[PDB]
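*Asks:*
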Amino acid sequence: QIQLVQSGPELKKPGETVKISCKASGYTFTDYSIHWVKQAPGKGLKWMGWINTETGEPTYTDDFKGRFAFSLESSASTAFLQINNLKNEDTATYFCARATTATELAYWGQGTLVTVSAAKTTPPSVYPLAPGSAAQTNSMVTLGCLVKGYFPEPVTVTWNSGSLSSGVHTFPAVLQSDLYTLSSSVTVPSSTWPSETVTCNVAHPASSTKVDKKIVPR
Amino acid sequence: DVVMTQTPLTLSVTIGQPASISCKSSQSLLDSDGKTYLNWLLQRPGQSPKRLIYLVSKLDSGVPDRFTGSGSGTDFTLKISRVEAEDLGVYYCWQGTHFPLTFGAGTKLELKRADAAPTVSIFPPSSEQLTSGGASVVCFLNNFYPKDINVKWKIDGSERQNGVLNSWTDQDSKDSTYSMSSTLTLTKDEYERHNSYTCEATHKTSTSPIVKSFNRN
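Laid out in structure tokens, this is it:
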């Protein structure tokens with residue numbers, strides 16, 4: 001019933017501006033403050049400040065002075081966060097939250113991911129990872145695919161069109177440059193490969209590409 | 001600012017068993033108005049934070065009563081009477097007594113299981129990559145427990161690398177293990193200036209590292 005609904009994800013270039021929204025419902029908007037919280041990818045939570053929804057007065061922690069602006073459209077029960085002169089380190093999920101008399105951060109929006117990057121849409125290179133034909137083997141063998149140099153996220157990696165999943169590890173993407181790289185491993189019985197084909201399937205929706213790489217001894 | 005210290009950083013728990021995590025402040029959170037503004041949030045993987053506890057011990061409506069908050073002044077504790085799968089995630093405590101509002105660093109709940117040594121695999125650059133003038137050497141360190149691990153790259157016996165890209169999985173939903181990928185990326189030209197490429201995994205399961213190598217050939 002009490003809800004805060006935030007606008008969708010934004011991709012911006014360094015030096016640009018972004019404005020994100022937080023629409024409230026289920027209560028009287030102007031009765032409770034709205035707080036903003038930043039979470040950098042894989043990091044913790046950091047309070048940015050708040051806006052008084054009666055007076056409209058925003059207050060920022062010193063970490064968020066300068067380039068950050070909280071605002072309201074009270075007739076639409078909406079709070080906004082604008083970030084000016086975007087920097088790489090502004091890449092983060094931003095949450096809005098509403099106060100209660102008992103706690104400043106009582107009800108939370110779902111977050112809005114803001115990505116700051118100068119990268120252009122780039123499809124991945126997909127490279128096979130295989131043992132040599134005459135390598136010593138055991139009960140299981142480990143194969144893989146290197147998914148290198150793409151933007152934006154996400155890619156989707158699958159093995160044998162999803163038929164192999166119990167032995168799969170697909171690693172989270174990491175920035176190698178302004179581009180992402182990830183890798184995926186699959187372990188299967190040695191009695192299974194190379195006797196049957198094993199193929200990694202790498203979809204990158206943003207570039208309209210889907211690459212299949214059959215794994216052959218290498 | 002008020003420093004919120006959460007311990008431990010990572011708590012291993014067992015489904016159906018109790019758990020306890022500590023949050024201590026650098027100064028008393030007892031407000032001059034009589035209230036103690038100490039709060040707990042849970043953030044589940046891929047999710048936004050959710051309020052669990054406010055005013056030290058008050059449960060938010062709908063929050064499972066397997067959660068109990070306690071403490072006073074500077075020392076607080078969140079207890080789970082019986083851990084369930086849904087409880088896994090990062091817990092944050094935060095204080096609203098002293099502006100600015102500050103958070104603890106979070107404590108992560110993970111599942112206890114038996115120790116397991118990594119299974120280590122090394123892969124030379126593929127012919128396809130070499131054709132493009134690049135050379136990535138990939139090392140998988142798979143299905144180990146507990147989560148802490150160290151990888152080292154050596155080239156011709158010397159601690160050294162170039163572009164190393166490391167990635168770690170979250171706890172595996174199937175076997176409760178962890179895995180790591182480490183990629184060393186050189187130009188083909190540089191790759192060809194050296195012979196021996198080695199990935200060394202150090203893990204609490206052995207005093208001796210797991211060493212995987214190949215000689216370019």
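From first to last, the protein sequence lines stand for chains A and B.
Each residue of the first sequence is one higher than the last, beginning at 1 in PDB author numbering.
Each residue of the second sequence is one higher than the last, beginning at 1 in PDB author numbering.
For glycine and all other residues, C-beta sits at the position ideal for the given N, C-alpha and C.
1. Determine which residues of the segment 144-156 of chain B have a Cβ less than 8 Å from any Cβ of chain A, and write them out in chain order.
2. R51 (chain B) touches chain A at which residues, Cβ-Cβ below 8 Å?
3. Going along chain A in order, which residues have a C-beta closer than 7 Å to the C-beta of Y54 (chain B)?
4. Which residue from A:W193, A:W159, A:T170 puts its Cα closest to that of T199 (chain A)?
5. Sort out for me which residues DSSP pairs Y191 (chain B) with in a bridge.
6. With a threshold of 7 Å between beta-carbons, can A116 (chain B) be considered close to chain A, or not?
7. With a CB to CB cut of under 7 Å and the five nearest residues on each side skipped, what residues in its chain are close to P189 (chain A)?
8. Could you name the residues of chain A that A105 (chain B) contacts, counting a contact when the two beta carbons are closer than 7 Å?
9. Helix, strand or coil: which one does DSSP assign to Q161 (chain B)?
10. Identify the residues that DSSP records as bridge partners of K108 (chain B): which are they?
11. Here's the rule I'm using: 16 or more other beta-carbon atoms within 10 Å means buried, otherwise exposed. How should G26 (chain A) be labelled?
12. Between which two residues does the beta strand (DSSP E) carrying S213 (chain B) extend?
13. Could you check what DSSP says for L78 (chain B) in three-state terms: helix, strand or coil?
14. Our contact map puts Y127 (chain A) next to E110 (chain B) with C-beta atoms below 8 Å; I'd like the distance itself, whole angstroms only.
15. Excluding the 5 residues preceding and the 5 following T169 (chain B) in the sequence, name in chain order all residues of the same chain whose CB lies nearer than 8 Å to its CB.
16. Just reading off the alpha helix (DSSP H) that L130 (chain B) is part of, what are its end residues?
17. Can you give me the C-alpha to C-alpha distance between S71 (chain A) and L81 (chain A), rounded to a whole angstrom?
18. For the beta strand (DSSP E) holding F80 (chain A), just list the boundary residues, first then last.
19. Leaving out five residues on either side along the sequence, give the residues of the same chain with a beta carbon under 8 Å from the beta carbon of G111 (chain A).
20. Can you give me the start and stop residues for the beta strand (DSSP E) that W50 (chain A) sits inside?
21. For the beta strand (DSSP E) holding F68 (chain A), just list the boundary residues, first then last.
22. Per DSSP, which one or two residues make a beta bridge with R98 (chain A)?
23. Do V211 (chain A) and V186 (chain A) come within 7 Å of each other at the CB atom, strictly closer than that value?
24. When you compare the CB positions of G71 (chain B) and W40 (chain B), do they come within less than 7 Å of one another, or not?
25. With DSSP collapsed to three states, give me the class of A118 (chain A).
26. Any beta carbon from chain A within less than 7 Å of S167 (chain B)'s own beta carbon?
27. Would you call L38 (chain B) buried or exposed, if buried means 16 or more other Cβ atoms sit within 10 Å of its Cβ?
28. Out of B:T74, B:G73, B:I53, B:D75, which one is the CA nearest neighbour of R66 (chain B)?
29. Per DSSP, what kind of secondary structure is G62 (chain B) in: helix, strand or coil?
30. Identify whether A206 (chain A) lies in helix, strand or coil by the three-state DSSP scheme.
31. On the DSSP bridge list, what partners appear for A117 (chain B)?
32. Out of B:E84, B:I80, B:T74, B:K154, state which residue places its alpha-carbon closest to the alpha-carbon of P18 (chain B).
33. Taking 6 Å as the cut-off, does the CB of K46 (chain A) come closer than this to any heavy atom belonging to the ligand NAP?
34. Report the three-state DSSP secondary structure of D156 (chain B) (helix, strand or coil).
35. Report yes or no: is there a C-beta of chain B within less than 7 Å of the C-beta of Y127 (chain A)?
*Replies:* Looking at the coordinates:
1. none
2. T103, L105, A106, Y107, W108
3. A102, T103
4. A:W159
5. Answer is none; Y191 (chain B) lacks a bridge partner.
6. no
7. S139, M140
8. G44
9. coil
10. B:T10, B:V90
11. exposed
12. 210-215
13. strand
14. Their Cβ separation, rounded to whole angstroms, is 32 Å, which puts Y127 (chain A) and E110 (chain B) out of contact at 8 Å.
15. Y178, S179, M180
16. 127-131
17. 7 Å
18. 78-83
19. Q6, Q39, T93, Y94, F95
20. 46-51
21. 68-73
22. A:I34, A:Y107
23. no
24. no
25. coil
26. yes
27. buried
28. B:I53
29. coil
30. helix
31. None; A117 (chain B) has no bridge partner.
32. B:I80
33. The model depicted lacks the ligand NAP and carries no ligand whatsoever.
34. coil
35. yes
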